[PDB]
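Next up is one chain by itself, shown in structure tokens, the form deposited in one PDB entry.
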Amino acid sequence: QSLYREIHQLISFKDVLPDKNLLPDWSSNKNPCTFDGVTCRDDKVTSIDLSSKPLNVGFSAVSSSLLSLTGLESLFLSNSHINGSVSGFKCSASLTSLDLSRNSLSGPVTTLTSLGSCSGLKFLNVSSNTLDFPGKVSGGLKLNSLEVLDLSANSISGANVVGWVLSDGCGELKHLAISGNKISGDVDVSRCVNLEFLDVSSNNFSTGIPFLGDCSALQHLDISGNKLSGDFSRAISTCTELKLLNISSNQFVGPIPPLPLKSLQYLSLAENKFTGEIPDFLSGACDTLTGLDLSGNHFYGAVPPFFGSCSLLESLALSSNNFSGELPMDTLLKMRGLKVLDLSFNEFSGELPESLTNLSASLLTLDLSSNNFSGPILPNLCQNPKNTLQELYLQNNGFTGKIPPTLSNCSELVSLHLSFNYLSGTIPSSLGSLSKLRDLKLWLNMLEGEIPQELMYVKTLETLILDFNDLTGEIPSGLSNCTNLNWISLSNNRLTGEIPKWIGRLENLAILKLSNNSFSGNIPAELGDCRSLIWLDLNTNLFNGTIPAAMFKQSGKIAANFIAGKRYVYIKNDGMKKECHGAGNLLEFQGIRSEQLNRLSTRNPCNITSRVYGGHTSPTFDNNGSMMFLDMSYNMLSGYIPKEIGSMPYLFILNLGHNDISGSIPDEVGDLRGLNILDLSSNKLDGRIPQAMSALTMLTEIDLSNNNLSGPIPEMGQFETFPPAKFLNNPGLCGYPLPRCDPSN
């Protein structure tokens, strides 16, 4: 191991990097031990770590230069843009750990057999690459000295790949992870007598449960995200050291089988098809449970008192079943260290007991959404000065009375969701002292009064959802201090005044929904300063003046990352009812049941049986996008449509119906290639429909009726596919589907 070879090898590797900007301090002028990413012991290189650097070289360059360094013990190249395939090479006997995860390695997984020349190799990570397995699986990986092997998240599809991995022996193996592939067939680790960690999740297993044999060392077993059913209980009967069992997202059925494995600390049976009331399936002492998840099955009945033995439980998840009865305090109060209580989507009922306040001392998350609780929200929920509560989810129940202003004592609160209840009174101003609050959701209640100026103190505020209350007054200027606002929804209240000019300062603002209020004045040009605005719904107000060209100036520069990943529903207007306005309502929908959407019937004249679209927000671009949804219908807008309207390639819906807009449809409307819905009806538009609109190919709905348009309807494009109704009440308009233009009228 001469310095001469060491330095020439390191530098010869640097000299083949495409980006000259890489490894700026490696030099034949410096000692290797001074290089960034190099670790030495007694002035000799022992480890190299170039992970998260865009090397952009082939594995052969890596194996030629770095893996043959005498005395090298570890090599970390995770997320280094290494591509190509591994093949035979000379490897130093000192090398114990190789991390090649998160690259673009490709070829048959049989290529990894070449690593057999690393005689000391004990740890191999090749997760997140594109390795695969031909057709028929034969021979074996033959790396039987590995203690740790991670082949996760590759492109391995095939039956019995696991046997292939283990074929030449697995006496040394402690940790095997191969999740995130498409492997099927048998898993037999019965000869892996030292195996402590097995992860075969997110694969394609649909037959036998893994055979574990003696199961003498196993502590962690994850078979989640497959299509397994059958007798998992019998398969782990011998497992005396098991601490974590994850069988969630599979096809298991029947009642919960006994699992009195006393060592068990984490257990998930979530998203299967288990049925019944909970039988006592644990030891007298609740095994050693810190974590329990029974979510997404068909359980019903009361939460059994034997759960009172789980005094170490930190996380209890029972959501999306059919549990009933009143909150089980006697049981829950025995869980002195409970951090997460998730009972959402069940049929718990009755009022909140005062003892619930004893529980909220360790509680980070209290989730009671979508049940049948009633009575008032507890006033003293956060009495204790050492309270840690971060999430309070009470939405979609039957709570009455006021929002307790003492919720301001929940100083660590991050998300407050009280939507879908029957709360009255005002939004307490003390909420402004929640210095970590990010989400304030109170929609569909009977709240009155004004939106509190004191919200200006919540610099962390990202979501403000207040639709369907009885709020009055104007948008308070204090909101301008909430510079991280992403989603503002104030629709269906009785708010007044203007859209303030400071709205343009809100650079994170993605969704602004103000529909069905009494807002007035002009549309501010400052909306064109909002860097993230993708959804603007202003329908059914009293806005007037002309649509300002500047409001479209951010087109092509829109960012849409922050808004992503949130549950919503979109309720489409079917057009059948005159009282129902706008293209459709986009609404927040975390923890609420669609079945309860009928609760809108007293607020909303729209046929509930109208189409409900749902999911998690997912913009079509990440950056350099444009507005996606613009609805300014049922106002008193006048003047002309600016040509800038056509500058939004991601605009799916444009609704300017029922205003007093005049002049003609701009040719640039034909530039809106993503357009599905164009509603310009009940205005005063004149002139011809531009032929340029023939270029639009994605239209599913158009409406130009009730204007003063004239001349022929364009022959090309989608016009001919729409009913005459979409063009009626335009005296000068002619051509299919209208009567043919006839010069002599």
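In this text, rigid core is short for the largest set of C-alphas that superpose within 1.5 Å between two forms. Residue positions are given as counts along the sequence shown, with the first one as 1.
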**Item:** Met636 left out of the model in a third or more of other PDB entries
**Value:** no
**Request:** Say whether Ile608, which has coordinates in the shown structure, is without coordinates in a third or more of the other compared entries.
**Result:** yes
**Item:** Mean C-alpha temperature factor, higher of 473-481 and 170-178
**Value:** 473-481
**Prompt:** Hey, which bit's got the bigger mean C-alpha B factor in the entry, 571-579 or 256-264?
**Reply:** 571-579
**Identity of residue with top Cα B-factor, from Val612, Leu437, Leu630, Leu294** = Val612
**Request:** Go through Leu121, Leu356, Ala153, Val189 one by one and give the residue whose Cα B-factor in the PDB entry is largest.
**Result:** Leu356
**Message:** Ranking the modelled residues of this chain by C-alpha B-factor as given in the entry, is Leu67 in the lowest, middle or highest third?
**Reply:** highest
**Chain third (lowest, middle, highest) by recorded CA B-factor, residue given as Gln554** = highest
**Item:** Third of chain Cα B-factors occupied by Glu314
**Value:** lowest
**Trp164 CA temperature factor, ranked by third within the chain** = middle
**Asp367 - which third its CA temperature factor falls in, relative to the rest of the chain** = lowest
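The next section is about a form of this same protein that is not shown, the form deposited in another entry.
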**Request:** Select from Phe306, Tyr640, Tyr422, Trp502 the only position whose Cα moves 2 Å or more between the shown form and the other one when the core is aligned.
**Result:** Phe306
**Message:** For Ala285, does the CA position differ by 2 Å or more between the shown form and the other one when the superposition is done on the rigid core?
**Reply:** yes
